[PDB]
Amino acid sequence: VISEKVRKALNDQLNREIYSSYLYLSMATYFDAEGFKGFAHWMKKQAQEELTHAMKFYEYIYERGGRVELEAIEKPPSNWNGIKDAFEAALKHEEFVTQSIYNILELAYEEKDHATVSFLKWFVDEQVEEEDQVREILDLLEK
């Protein structure tokens, strides 16, 4: 019973979560090249976490009677100017993902799609946590 509009929006987001996963893997390639096994391992966990986010969107879309369409994934950046600069790029990206979700939340509220509104709440909470995990990294590394 999902509108085509809310379905398109959730499919767009599914593809956004796939690119999120690819960017984070890209960041690991930078960390691994620079010898930072530990930051690379962190980025690889994150890349796997975003994939399960994308599959939660995948399965919810089919539960509501929609179809998934996978789009082209753009080439991510492969180099930053140091650790801090990578993680600040991570944080900026997370915040873009959070705004992306909030616009779906708004459209769901508009259409009174109470099931979608409830589905997204988990992703709102998890992005709050992830944004703050990156802030704690940046603070721990300060100066």
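In this text, residue numbers run from 1 along the sequence as written.
- Judged by mean Cα B factor in the deposited record, 122 to 130 ranks above the other of 122 to 130 and 21 to 29.
- Of the candidates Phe96, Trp80, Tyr58, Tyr102, the one whose C-alpha carries the top B factor in the deposited record is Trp80.
- Remark: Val117 belongs to the middle third of its chain, ranked by C-alpha B-factor as recorded.
- Compared with the other modelled residues of the chain, the Cα B-factor recorded for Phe36 ranks in the highest third.
- Split the chain's modelled residues into thirds by C-alpha temperature factor. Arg67 is in the highest one.
- Sorting the modelled residues of the chain by their CA temperature factor places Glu106 in the middle third.
- Split the chain's modelled residues into thirds by C-alpha temperature factor. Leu138 is in the lowest one.
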